[PDB]
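Asker: Below you'll find the structure I mean.
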Amino acid sequence: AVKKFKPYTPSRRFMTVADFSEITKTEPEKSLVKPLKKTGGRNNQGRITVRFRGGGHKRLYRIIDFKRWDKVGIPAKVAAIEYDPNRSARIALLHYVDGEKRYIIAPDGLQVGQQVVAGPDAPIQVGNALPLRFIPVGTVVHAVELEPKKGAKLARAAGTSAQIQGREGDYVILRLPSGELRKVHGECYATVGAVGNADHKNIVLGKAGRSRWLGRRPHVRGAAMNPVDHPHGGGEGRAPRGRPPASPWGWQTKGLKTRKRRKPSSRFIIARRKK
Amino acid sequence: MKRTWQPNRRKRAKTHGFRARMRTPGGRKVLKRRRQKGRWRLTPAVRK
RNA sequence: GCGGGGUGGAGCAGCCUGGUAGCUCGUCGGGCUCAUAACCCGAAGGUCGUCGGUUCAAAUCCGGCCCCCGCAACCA
RNA sequence: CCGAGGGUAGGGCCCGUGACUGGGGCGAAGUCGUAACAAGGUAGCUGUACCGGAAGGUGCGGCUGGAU
RNA sequence: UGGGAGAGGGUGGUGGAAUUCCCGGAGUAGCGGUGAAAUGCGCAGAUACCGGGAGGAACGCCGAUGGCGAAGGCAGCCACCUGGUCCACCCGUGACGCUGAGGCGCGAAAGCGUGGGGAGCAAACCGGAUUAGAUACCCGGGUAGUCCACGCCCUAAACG
RNA sequence: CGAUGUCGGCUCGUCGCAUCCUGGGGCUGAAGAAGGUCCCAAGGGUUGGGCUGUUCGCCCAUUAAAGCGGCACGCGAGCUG
RNA sequence: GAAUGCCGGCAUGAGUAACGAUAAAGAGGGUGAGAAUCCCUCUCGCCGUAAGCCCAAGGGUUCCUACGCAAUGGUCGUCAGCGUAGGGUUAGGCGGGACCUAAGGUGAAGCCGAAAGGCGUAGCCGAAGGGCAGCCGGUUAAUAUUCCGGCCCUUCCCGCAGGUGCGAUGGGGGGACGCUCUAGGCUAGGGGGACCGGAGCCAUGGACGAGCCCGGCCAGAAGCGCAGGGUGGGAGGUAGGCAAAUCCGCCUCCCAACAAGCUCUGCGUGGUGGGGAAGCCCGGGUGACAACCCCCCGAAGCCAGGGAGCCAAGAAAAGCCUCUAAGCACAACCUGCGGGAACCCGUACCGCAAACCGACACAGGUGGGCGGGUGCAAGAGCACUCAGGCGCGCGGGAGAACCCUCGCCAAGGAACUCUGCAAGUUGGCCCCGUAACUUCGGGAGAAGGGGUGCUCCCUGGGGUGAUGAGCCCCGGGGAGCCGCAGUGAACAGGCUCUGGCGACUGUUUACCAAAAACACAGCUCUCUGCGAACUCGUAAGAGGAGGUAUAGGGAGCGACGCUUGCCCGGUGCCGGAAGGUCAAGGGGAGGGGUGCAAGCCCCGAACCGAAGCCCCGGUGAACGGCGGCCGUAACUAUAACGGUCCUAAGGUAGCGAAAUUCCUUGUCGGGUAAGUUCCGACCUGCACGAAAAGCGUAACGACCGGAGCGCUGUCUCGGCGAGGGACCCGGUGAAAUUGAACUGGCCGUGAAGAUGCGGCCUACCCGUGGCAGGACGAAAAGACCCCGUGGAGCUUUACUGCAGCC
RNA sequence: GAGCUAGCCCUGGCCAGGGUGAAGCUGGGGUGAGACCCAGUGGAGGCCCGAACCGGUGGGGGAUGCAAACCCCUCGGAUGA
Ligand SMILES: [K+]
Ligand SMILES: [Mg+2]
Ligand SMILES: [Mg+2]
Ligand SMILES: [Mg+2]
Ligand SMILES: [Mg+2]
Ligand SMILES: [Mg+2]
Ligand SMILES: [Mg+2]
Ligand SMILES: [Mg+2]
Ligand SMILES: [Mg+2]
Ligand SMILES: [Mg+2]
Ligand SMILES: [Mg+2]
Ligand SMILES: [Mg+2]
Ligand SMILES: [Mg+2]
Ligand SMILES: [Mg+2]
Ligand SMILES: [Mg+2]
Ligand SMILES: [Mg+2]
Ligand SMILES: [Mg+2]
Ligand SMILES: [Mg+2]
Ligand SMILES: [Mg+2]
Ligand SMILES: [Mg+2]
Ligand SMILES: [Mg+2]
Ligand SMILES: [Mg+2]
Ligand SMILES: [Mg+2]
Ligand SMILES: [Mg+2]
Ligand SMILES: [Mg+2]
Ligand SMILES: [Mg+2]
Ligand SMILES: [Mg+2]
Ligand SMILES: [Mg+2]
Ligand SMILES: [Mg+2]
Ligand SMILES: [Mg+2]
Ligand SMILES: [Mg+2]
Ligand SMILES: [Mg+2]
Ligand SMILES: [Mg+2]
Ligand SMILES: [Mg+2]
Ligand SMILES: [Mg+2]
Ligand SMILES: [Mg+2]
Ligand SMILES: [Mg+2]
Ligand SMILES: [Mg+2]
Ligand SMILES: [Mg+2]
Ligand SMILES: [Mg+2]
Ligand SMILES: [Mg+2]
Ligand SMILES: [Mg+2]
Ligand SMILES: [Mg+2]
Ligand SMILES: [Mg+2]
Ligand SMILES: [Mg+2]
Ligand SMILES: [Mg+2]
Ligand SMILES: [Mg+2]
Ligand SMILES: [Mg+2]
Ligand SMILES: [Mg+2]
Ligand SMILES: [Mg+2]
Ligand SMILES: [Mg+2]
Ligand SMILES: [Mg+2]
Ligand SMILES: [Mg+2]
Ligand SMILES: [Mg+2]
Ligand SMILES: [Mg+2]
Ligand SMILES: [Mg+2]
Ligand SMILES: [Mg+2]
Ligand SMILES: [Mg+2]
Ligand SMILES: [Mg+2]
Ligand SMILES: [Mg+2]
Ligand SMILES: [Mg+2]
Ligand SMILES: [Mg+2]
Ligand SMILES: [Mg+2]
Ligand SMILES: [Mg+2]
Ligand SMILES: [Mg+2]
Ligand SMILES: [Mg+2]
Ligand SMILES: [Mg+2]
Ligand SMILES: [Mg+2]
Ligand SMILES: [Mg+2]
Ligand SMILES: [Mg+2]
Ligand SMILES: [Mg+2]
Ligand SMILES: [Mg+2]
Ligand SMILES: [Mg+2]
Ligand SMILES: [Mg+2]
Ligand SMILES: [Mg+2]
Ligand SMILES: [Mg+2]
Ligand SMILES: [Mg+2]
Ligand SMILES: [Mg+2]
Ligand SMILES: [Mg+2]
Ligand SMILES: [Mg+2]
Ligand SMILES: [Mg+2]
Ligand SMILES: [Mg+2]
Ligand SMILES: [Mg+2]
Ligand SMILES: [Mg+2]
Ligand SMILES: [Mg+2]
Ligand SMILES: [Mg+2]
Ligand SMILES: [Mg+2]
Ligand SMILES: [Mg+2]
Ligand SMILES: [Mg+2]
Ligand SMILES: [Mg+2]
Ligand SMILES: [Mg+2]
Ligand SMILES: [Mg+2]
Ligand SMILES: [Mg+2]
Ligand SMILES: [Mg+2]
Ligand SMILES: [Mg+2]
Ligand SMILES: [Mg+2]
Ligand SMILES: [Mg+2]
Ligand SMILES: [Mg+2]
Ligand SMILES: [Mg+2]
Ligand SMILES: [Mg+2]
Ligand SMILES: [Mg+2]
Ligand SMILES: [Mg+2]
Ligand SMILES: [Mg+2]
Ligand SMILES: [Mg+2]
Ligand SMILES: [Mg+2]
Ligand SMILES: [Mg+2]
Ligand SMILES: [Mg+2]
Ligand SMILES: [Mg+2]
Ligand SMILES: [Mg+2]
Ligand SMILES: [Mg+2]
Ligand SMILES: [Mg+2]
Ligand SMILES: [Mg+2]
Ligand SMILES: [Mg+2]
Ligand SMILES: [Mg+2]
Ligand SMILES: [Mg+2]
Ligand SMILES: [Mg+2]
Ligand SMILES: [Mg+2]
Ligand SMILES: [Mg+2]
Ligand SMILES: [Mg+2]
Ligand SMILES: [Mg+2]
Ligand SMILES: [Mg+2]
Ligand SMILES: [Mg+2]
Ligand SMILES: [Mg+2]
Ligand SMILES: [Mg+2]
Ligand SMILES: [Mg+2]
Ligand SMILES: [Mg+2]
Ligand SMILES: [Mg+2]
Ligand SMILES: [Mg+2]
Ligand SMILES: [Mg+2]
Ligand SMILES: [Mg+2]
Ligand SMILES: [Mg+2]
Ligand SMILES: [Mg+2]
Ligand SMILES: [Mg+2]
Ligand SMILES: [Mg+2]
Ligand SMILES: [Mg+2]
Ligand SMILES: [Mg+2]
Ligand SMILES: [Mg+2]
Ligand SMILES: [Mg+2]
Ligand SMILES: [Mg+2]
Ligand SMILES: [Mg+2]
Ligand SMILES: [Mg+2]
Ligand SMILES: [Mg+2]
Ligand SMILES: [Mg+2]
Ligand SMILES: [Mg+2]
Ligand SMILES: [Mg+2]
Ligand SMILES: [Mg+2]
Ligand SMILES: [Mg+2]
Ligand SMILES: [Mg+2]
Ligand SMILES: [Mg+2]
Ligand SMILES: [Mg+2]
Ligand SMILES: [Mg+2]
Ligand SMILES: [Mg+2]
Ligand SMILES: [Mg+2]
Ligand SMILES: [Mg+2]
Ligand SMILES: [Mg+2]
Ligand SMILES: [Mg+2]
Ligand SMILES: [Mg+2]
Ligand SMILES: [Mg+2]
Ligand SMILES: [Mg+2]
Ligand SMILES: [Mg+2]
Ligand SMILES: [Mg+2]
Ligand SMILES: [Mg+2]
Ligand SMILES: [Mg+2]
Ligand SMILES: [Mg+2]
Ligand SMILES: [Mg+2]
Ligand SMILES: [Mg+2]
Ligand SMILES: [Mg+2]
Ligand SMILES: [Mg+2]
Ligand SMILES: [Mg+2]
Ligand SMILES: [Mg+2]
Ligand SMILES: [Mg+2]
Ligand SMILES: [Mg+2]
Ligand SMILES: [Mg+2]
Ligand SMILES: [Mg+2]
Ligand SMILES: [Mg+2]
Ligand SMILES: [Mg+2]
Ligand SMILES: [Mg+2]
Ligand SMILES: [Mg+2]
Ligand SMILES: [Mg+2]
Ligand SMILES: [Mg+2]
Ligand SMILES: [Mg+2]
Ligand SMILES: [Mg+2]
Ligand SMILES: [Mg+2]
Ligand SMILES: [Mg+2]
Ligand SMILES: [Mg+2]
Ligand SMILES: [Mg+2]
Ligand SMILES: [Mg+2]
Ligand SMILES: [Mg+2]
Ligand SMILES: [Mg+2]
Ligand SMILES: [Mg+2]
Ligand SMILES: [Mg+2]
Ligand SMILES: [Mg+2]
Ligand SMILES: [Mg+2]
Ligand SMILES: [Mg+2]
Ligand SMILES: [Mg+2]
Ligand SMILES: [Mg+2]
Ligand SMILES: [Mg+2]
Ligand SMILES: [Mg+2]
Ligand SMILES: [Mg+2]
Ligand SMILES: [Mg+2]
Ligand SMILES: [Mg+2]
Ligand SMILES: [Mg+2]
Ligand SMILES: [Mg+2]
Ligand SMILES: [Mg+2]
Ligand SMILES: [Mg+2]
Ligand SMILES: [Mg+2]
Ligand SMILES: [Mg+2]
Ligand SMILES: [Mg+2]
Ligand SMILES: [Mg+2]
Ligand SMILES: [Mg+2]
Ligand SMILES: [Mg+2]
Ligand SMILES: [Mg+2]
Ligand SMILES: [Mg+2]
Ligand SMILES: [Mg+2]
Ligand SMILES: [Mg+2]
Ligand SMILES: [Mg+2]
Ligand SMILES: [Mg+2]
Ligand SMILES: [Mg+2]
Ligand SMILES: [Mg+2]
Ligand SMILES: [Mg+2]
Ligand SMILES: [Mg+2]
Ligand SMILES: [Mg+2]
Ligand SMILES: [Mg+2]
Ligand SMILES: [Mg+2]
Ligand SMILES: [Mg+2]
Ligand SMILES: [Mg+2]
Ligand SMILES: [Mg+2]
Ligand SMILES: [Mg+2]
Ligand SMILES: [Mg+2]
Ligand SMILES: [Mg+2]
Ligand SMILES: [Mg+2]
Ligand SMILES: [Mg+2]
Ligand SMILES: [Mg+2]
């Protein structure tokens, strides 16, 4: 349940803040943080290569656990549920009975206190990791690897999920969040359950400053420039696009497809995204 | 108002200094050329 | 100034590529109808804006006058 | 001191009145179509939504105050 | 106190038939539709037939003139929470009742907000026909919506 | 064109007369009072305001009257802009 | 002899403008050839959240003294930041190195690139961040946390005493953190005292007084005291922290749990060492054996790494403690004491400026700390003032025009003007009060109105203390007083009604535009399944992002309310194993050149052969588009209805002479005496119209309209007054410009606007203060226009390449 | 050539004083429990007033300037993009 403010300033009318309820730990695990090089959107050459980025809020990188097959068998208790500024979802601190401490993305339904494991023998229960060839059919899962032992690369954002639609050889059929039906190896670890923090999309940034707090500098339209800068530039008064609308770099932006045709991946995609 | 020249000894040495020149291939020529013209001072006088 | 245009009562093909003027609506005559519409069978009505030229022959090609649509009329 | 009342400023109610605009009522024989009353030629009425020159139409649900 | 019926309600489950689609076989010159047609689809392999897959909505027979609820209303099956009825014994209290301006609550459908979902159907809409016309009636498409949760709306031939 | 600053306003004016007024006459379809019309006359005078950037124009209230023009459509090394 | 030629020299303008803030001056006494300008005194003025003081950067001897005065100093110069000389900067503790890391930089390894070079993990460098040991006073012409004095502390080496499994670039802990609000206790710093010291003073009518004027503290180890931070203890197990591990982590039982103890800091005390005014006498001497006390106010600073709440979720490594390994356990480390050793660099002076950046001793710009008192609601505002520093490096006169800045005005009150431009009004605080509309927050300081000083009388609570006095802080009631006036000076809203545009706070054309433009939360389209798309790069490699479709990119619109209609023929994009065209290649029917031939050589039809274009279907919050003629109603007029040609389809809702309406000041109503503007309506909309979005909308605006109240020098219509210039005297002394000049009016003429030609008229020679009509005045080789087969930016279905992609 | 300017990165610093009074919390009214109302507290915010500081609205001055963008009066933001 998102939390609204009363309109005691012009921008408070629509601003909404997360209710933060399921958070239990109000400071990170010092053991498990490293600094975070804020790029501002510039590469090694120093050139900007992503626009309208920077001057946000400082933040430390909460290390996260995208393998979990690191320790096959060793259980772990749900210590706390914490606020990460580095991703949409929430992070959960786990205390392994190994004594080891790790952070994972908190699925929905996880409560502080439960024990979670990872492996071929794991119970089909939220928080647990298992290779995909061992998860039941049609069980919604998240934090899905893409290739065996290469790291959890899929469904890692707030309120995402992925049902397991079928089985075919050493590969399982995956409805990715987008809708793309895809083959993924059965030997890819995944965590049963939908990601928590579902109420994220309903957050209303509320005012321009709060955008900047996120490292989000103002976006300026091509229609507001000159021809030097952008195809949409120029004109006397306002002016329509006057050509198929383009990126600043020329390529057309409406409906123009750009997945590389000869990508070897295609040989495992079944049904390109929906809607 | 605020003018263009706002002196800074660290900046002046770290930009036009001898060392800042002897690394880039261009910088060396600048020294070479200033040694050909008999420039008394191949680089600015930074007090350090 | 540049472009298109005027043809039975209404609105339009035929002009480029000369000889043949045509489609719908309406007008008239007769049918079904108690009667009107509709609907059916018929028939009428156009010297093609105007004057001159080309031609064996001009709505059709050219020129002039008339009149109607459209575009332009900017720089200080 | 109070005080008829005079004046300054801001309020509430009511009556008249207004370019123009909304429909309503009536008006011996005006124009369009033909929705309703026969299963009125798609049974009707209805709350509601959208739409159409107009009566109306359609959709979702509901009533018989509908016929064989 | 013991007893019975029942689609009364709320949540979590789940089964099968069918429609639509997707992939594969097999196969060919039509399919579809109507008052009769055309639009539409189909030799770029449709329809009809077999297998696998995706998903949603609605529950055939039972089912009836039936049962239930105060009304609006409620129907596959399973489980948990729960309301009002009715029967029997004459056990308990001892007029404690009837009603009800106000108030409060519930309130089909449509509609609205925020999200999901979307097979079938279908306001608006487009096309084909009919027609003098046809902004309709019929046919081919088809968007909201119809559906899950949450918050409004509070109307009715809400009727016996 | 190795630069003659463009409208309108303000300020200061000055000249022309094809006279708005005032002075003097003829004619009048001049009874009187009041006009129409031409003749002479440039000495002086010719208002305040609403609208619009405006010139101009219309309009309100007066007036003897609310003239019209030229001077780089007078006047920015005087202002305004 | 001319090139707005080049270099230099010298004129003109001209003894002209100006002499750099309107904070301000006067006299006396010195010095010296010379004095408004130097030194001293006395008076007078200005700065005092500064114009005072202490740091940093930068400047680089400007510091001090002595002797100078050509030049620099806007005048003068005996003076100086100027010339000459000699002097002057003292550290184990302050700053920076022999410490650590940050962005970044560099870079064994490794990767890449025609060469040059480009990347890169570890590592190394890299601070105004971490870390680390000096405080008070005196002294010097000039240095001082540096020298001296007093009291303290740091680390390295060596020996000695006690203790301990010692030992690390290896594991662990810690270092270690945000924003706002804020407790308790202190200190800095202040105010007062009838108390303590103080050289003194009694004026001019009064005063020998609890009178006046001055001062009343600074540092400090141990110990304690106060206030805080930090911190649980034991055992057993133990697969984790890449070896080891007694450390840490994890689980369990034990007690202990506001606490208390250990530990660290701040404050107080404290051996002890310092200071010490006015006033008087020639920086010093006294005062003085100075006293050194109490109450109050009180931090934004200190205990600190405190607390609480919030969301945007807030550096690293080291010193440091801990655990172990190799080793070694003669050792080694720890705690305590003693001695010994402790290096390199900076240190002067300016430092909101006359020493820095601005060509200048330039009204400009420059980060950090302290910044006292009184009153004013508070404060860093305002006025005054201490300390401290100044009077801005030309002055003396005069009392014209005019200009700047300022003051006041009779009757009128926006009649001014494009516009109330400007200037008035209003002003703080307290209480009374306060509309449409609304998104219920607001509009709102709405509007408007009353109050305000001082005397006395009674009384309400609060901090401190003690519950009392005293100091202090908010108040209340009544009775009086003076003036024209009590926020008596200074600082401090004018308001209302009504339109457009943009939701709003924001951003912007540095140096003519701050707006209606940009942005903006928010809506939609779309791309992208991760070695993502996309961006920079030849690449390597990065960003994206240590993110993963609730995400990331691109584009359009732009809070929010109600909505966003029809057209897919063209154009894009998207889907389409058929069909057609198709390039290299395959193929080699059939020809050719040659040679005695075997051969060698060339040409070469069909037929197979990508994407791409054609062909088919989709797509509007994709580029884009939304008709014409004619007729028809019991009057006129207008057409609900019809006829017809054309399209891919013909503008729906809403709105409309509008930021759009040409004809146009359209017509009608409102307001006004009068209204091309304004508001409200009509609709033949030249030429609105639905995400280059349509119609609204509370609040908001230094945005643009319109009306009104108040008050006005805006005006009728101008008057007087002030000061700084202008004016005269002394000093100093530019500038554009300039063919040469002995440079008049007219009417004419001339390349068509004559001081210069003709004729006439007029005119003695030279200045000065004033005005701007002319010298087609100055300035700038017209920025408009054309010209040039001159250039550059920008577009595209112009041509031809290239990158990229297929 | 980024010692000016513009954006980003790293690390520090600054923002007097005064007004308004969100959620929450406590108590109380209320109910079947509620929603919710009241007072008290608390002290939110690209909130309000206004110095510093960051600006540059309107005017006047200035125009061989004190200045190759400055001066006076006035005006905007000032816990925040
Ligand atoms: K032009
Ligand atoms: Mg939640
Ligand atoms: Mg609210
Ligand atoms: Mg949350
Ligand atoms: Mg760390
Ligand atoms: Mg990053
Ligand atoms: Mg790099
Ligand atoms: Mg980018
Ligand atoms: Mg960027
Ligand atoms: Mg998170
Ligand atoms: Mg994220
Ligand atoms: Mg796989
Ligand atoms: Mg959430
Ligand atoms: Mg969002
Ligand atoms: Mg952020
Ligand atoms: Mg945006
Ligand atoms: Mg933008
Ligand atoms: Mg532009
Ligand atoms: Mg372009
Ligand atoms: Mg364009
Ligand atoms: Mg434009
Ligand atoms: Mg533009
Ligand atoms: Mg335009
Ligand atoms: Mg394009
Ligand atoms: Mg591309
Ligand atoms: Mg600047
Ligand atoms: Mg500055
Ligand atoms: Mg310079
Ligand atoms: Mg430096
Ligand atoms: Mg620097
Ligand atoms: Mg260098
Ligand atoms: Mg370099
Ligand atoms: Mg080289
Ligand atoms: Mg030399
Ligand atoms: Mg050099
Ligand atoms: Mg033809
Ligand atoms: Mg023919
Ligand atoms: Mg015919
Ligand atoms: Mg003929
Ligand atoms: Mg032009
Ligand atoms: Mg009276
Ligand atoms: Mg009918
Ligand atoms: Mg019918
Ligand atoms: Mg019917
Ligand atoms: Mg019907
Ligand atoms: Mg319909
Ligand atoms: Mg029929
Ligand atoms: Mg076919
Ligand atoms: Mg075939
Ligand atoms: Mg589907
Ligand atoms: Mg009984
Ligand atoms: Mg009894
Ligand atoms: Mg419904
Ligand atoms: Mg209802
Ligand atoms: Mg019924
Ligand atoms: Mg010219
Ligand atoms: Mg001109
Ligand atoms: Mg008469
Ligand atoms: Mg004119
Ligand atoms: Mg006119
Ligand atoms: Mg008269
Ligand atoms: Mg002229
Ligand atoms: Mg002139
Ligand atoms: Mg003219
Ligand atoms: Mg003219
Ligand atoms: Mg002139
Ligand atoms: Mg001028
Ligand atoms: Mg002028
Ligand atoms: Mg010559
Ligand atoms: Mg010259
Ligand atoms: Mg030359
Ligand atoms: Mg020269
Ligand atoms: Mg010489
Ligand atoms: Mg000379
Ligand atoms: Mg001279
Ligand atoms: Mg002279
Ligand atoms: Mg002169
Ligand atoms: Mg001057
Ligand atoms: Mg000067
Ligand atoms: Mg001044
Ligand atoms: Mg001054
Ligand atoms: Mg002054
Ligand atoms: Mg002053
Ligand atoms: Mg002497
Ligand atoms: Mg002298
Ligand atoms: Mg003197
Ligand atoms: Mg004197
Ligand atoms: Mg002087
Ligand atoms: Mg002196
Ligand atoms: Mg002060
Ligand atoms: Mg520095
Ligand atoms: Mg000298
Ligand atoms: Mg001399
Ligand atoms: Mg000499
Ligand atoms: Mg000099
Ligand atoms: Mg000077
Ligand atoms: Mg002198
Ligand atoms: Mg001299
Ligand atoms: Mg001398
Ligand atoms: Mg010295
Ligand atoms: Mg050493
Ligand atoms: Mg280092
Ligand atoms: Mg380096
Ligand atoms: Mg340092
Ligand atoms: Mg130190
Ligand atoms: Mg000390
Ligand atoms: Mg030990
Ligand atoms: Mg160690
Ligand atoms: Mg941290
Ligand atoms: Mg810090
Ligand atoms: Mg102290
Ligand atoms: Mg005080
Ligand atoms: Mg006496
Ligand atoms: Mg002490
Ligand atoms: Mg262990
Ligand atoms: Mg002395
Ligand atoms: Mg501070
Ligand atoms: Mg804290
Ligand atoms: Mg916050
Ligand atoms: Mg690091
Ligand atoms: Mg031994
Ligand atoms: Mg050394
Ligand atoms: Mg020193
Ligand atoms: Mg200053
Ligand atoms: Mg300062
Ligand atoms: Mg100085
Ligand atoms: Mg300068
Ligand atoms: Mg010079
Ligand atoms: Mg000076
Ligand atoms: Mg003081
Ligand atoms: Mg006070
Ligand atoms: Mg005050
Ligand atoms: Mg002075
Ligand atoms: Mg005089
Ligand atoms: Mg007056
Ligand atoms: Mg008045
Ligand atoms: Mg006016
Ligand atoms: Mg006037
Ligand atoms: Mg006005
Ligand atoms: Mg004004
Ligand atoms: Mg009102
Ligand atoms: Mg009110
Ligand atoms: Mg009203
Ligand atoms: Mg206020
Ligand atoms: Mg008031
Ligand atoms: Mg008030
Ligand atoms: Mg009173
Ligand atoms: Mg008094
Ligand atoms: Mg004031
Ligand atoms: Mg104010
Ligand atoms: Mg705005
Ligand atoms: Mg809005
Ligand atoms: Mg802009
Ligand atoms: Mg500008
Ligand atoms: Mg510019
Ligand atoms: Mg400029
Ligand atoms: Mg500039
Ligand atoms: Mg502008
Ligand atoms: Mg502004
Ligand atoms: Mg914008
Ligand atoms: Mg906006
Ligand atoms: Mg929106
Ligand atoms: Mg990364
Ligand atoms: Mg996103
Ligand atoms: Mg984006
Ligand atoms: Mg907006
Ligand atoms: Mg826009
Ligand atoms: Mg199309
Ligand atoms: Mg198309
Ligand atoms: Mg198409
Ligand atoms: Mg549209
Ligand atoms: Mg177009
Ligand atoms: Mg088109
Ligand atoms: Mg008629
Ligand atoms: Mg409609
Ligand atoms: Mg209109
Ligand atoms: Mg008009
Ligand atoms: Mg009008
Ligand atoms: Mg309009
Ligand atoms: Mg228009
Ligand atoms: Mg007009
Ligand atoms: Mg008019
Ligand atoms: Mg009209
Ligand atoms: Mg438009
Ligand atoms: Mg558009
Ligand atoms: Mg538009
Ligand atoms: Mg559009
Ligand atoms: Mg509203
Ligand atoms: Mg509004
Ligand atoms: Mg508005
Ligand atoms: Mg504005
Ligand atoms: Mg206007
Ligand atoms: Mg008025
Ligand atoms: Mg005056
Ligand atoms: Mg007078
Ligand atoms: Mg004067
Ligand atoms: Mg004289
Ligand atoms: Mg001189
Ligand atoms: Mg001569
Ligand atoms: Mg002539
Ligand atoms: Mg002449
Ligand atoms: Mg002459
Ligand atoms: Mg001559
Ligand atoms: Mg002569
Ligand atoms: Mg001659
Ligand atoms: Mg004469
Ligand atoms: Mg003069
Ligand atoms: Mg002149
Ligand atoms: Mg002139
Ligand atoms: Mg010139
Ligand atoms: Mg110029
Ligand atoms: Mg030239
Ligand atoms: Mg030229
Ligand atoms: Mg040419
Ligand atoms: Mg030529
Ligand atoms: Mg050319
Ligand atoms: Mg250019
Ligand atoms: Mg190339
Ligand atoms: Mg910079
Ligand atoms: Mg600098
Ligand atoms: Mg910071
Ligand atoms: Mg501040
Ligand atoms: Mg404050
Ligand atoms: Mg309150
Ligand atoms: Mg709370
Ligand atoms: Mg604020
Ligand atoms: Mg200005
Ligand atoms: Mg002003
Ligand atoms: Mg001037
Ligand atoms: Mg200038
Ligand atoms: Mg200023
Ligand atoms: Mg602001
Ligand atoms: Mg900030």
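So you can find residues: chains in the structure tokens are A, B, ... in the order shown, residues in each start at 1, and ligands are numbered from 1 in order.
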As an MDAnalysis selection string, could you give me every residue of chain B near chain G (at most 8 Å apart, counting only C-alpha atoms (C1' of nucleotides))?

Answerer: chainID B and resid 1:8 25

Asker: Would you kindly return, as a PyMOL selection string, each protein, DNA or RNA residue with an atom no farther than 8 Å from any atom of region 16-28 of chain A, considering only C-alpha atoms (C1' of nucleotides) and excluding same-chain residues fewer than 4 positions away?

Answerer: (chain A and resi 1-5+32-33+62+80-83+199-200+203-206) or (chain G and resi 313)

Asker: What is the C1' of residue 106 (chain G) to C1' of residue 124 (chain G) distance in Å?

Answerer: 7.5 Å

Asker: What does the list of residues within 9 Å of ligand 138 look like if you count only C-alpha atoms (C1' of nucleotides) and all ligand atoms, written as a ChimeraX atom specification?

Answerer: /F:10 /G:416-417,714-716

Asker: All residues within 10 Å of ligand 53 are required, counting only C-alpha atoms (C1' of nucleotides) and all ligand atoms; please report them as a count of residues only.

Answerer: 8

Asker: Residues of chain A within 6 Å of chain G, counting only C-alpha atoms (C1' of nucleotides), what are they? List them as a ChimeraX atom specification.

Answerer: /A:7-8,42-44,49,97-100,154,158,178,200-201,206-208,213,238-240,243-244,247,253-256

Asker: Atoms to include: C-alpha atoms. Write the selected residues as a compact mmCIF listing (two decimals), in the first residue's frame.

Answerer:
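Saved result, selection-v5.txt, follows:
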# COMPACT_ATOMS: atom_id res chain seq x y z
CA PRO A 7 -1.53 18.82 -0.59
CA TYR A 8 0.14 21.26 1.79
CA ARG A 42 30.48 8.84 -18.90
CA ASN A 43 32.83 6.13 -20.07
CA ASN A 44 36.59 5.73 -19.78
CA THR A 49 27.43 8.00 -23.64
CA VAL A 97 23.71 -21.82 9.56
CA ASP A 98 27.18 -21.92 7.97
CA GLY A 99 27.72 -18.65 9.78
CA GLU A 100 27.94 -16.97 6.37
CA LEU A 154 16.37 -12.65 -15.29
CA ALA A 158 10.03 -5.27 -8.25
CA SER A 178 7.86 -9.22 -20.99
CA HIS A 200 6.57 0.00 -6.90
CA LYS A 201 4.96 1.05 -10.19
CA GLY A 206 5.37 13.93 -7.54
CA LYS A 207 7.79 16.75 -8.52
CA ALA A 208 10.84 17.45 -10.62
CA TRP A 213 17.31 12.71 -6.39
CA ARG A 238 6.28 25.03 -32.98
CA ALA A 239 6.56 22.46 -35.71
CA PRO A 240 5.52 18.84 -36.35
CA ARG A 243 9.67 13.18 -41.33
CA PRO A 244 9.49 9.79 -39.56
CA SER A 247 16.73 9.63 -32.60
CA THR A 253 12.32 5.54 -33.29
CA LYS A 254 8.70 4.58 -34.03
CA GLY A 255 8.30 0.83 -34.47
CA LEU A 256 11.75 0.31 -35.99
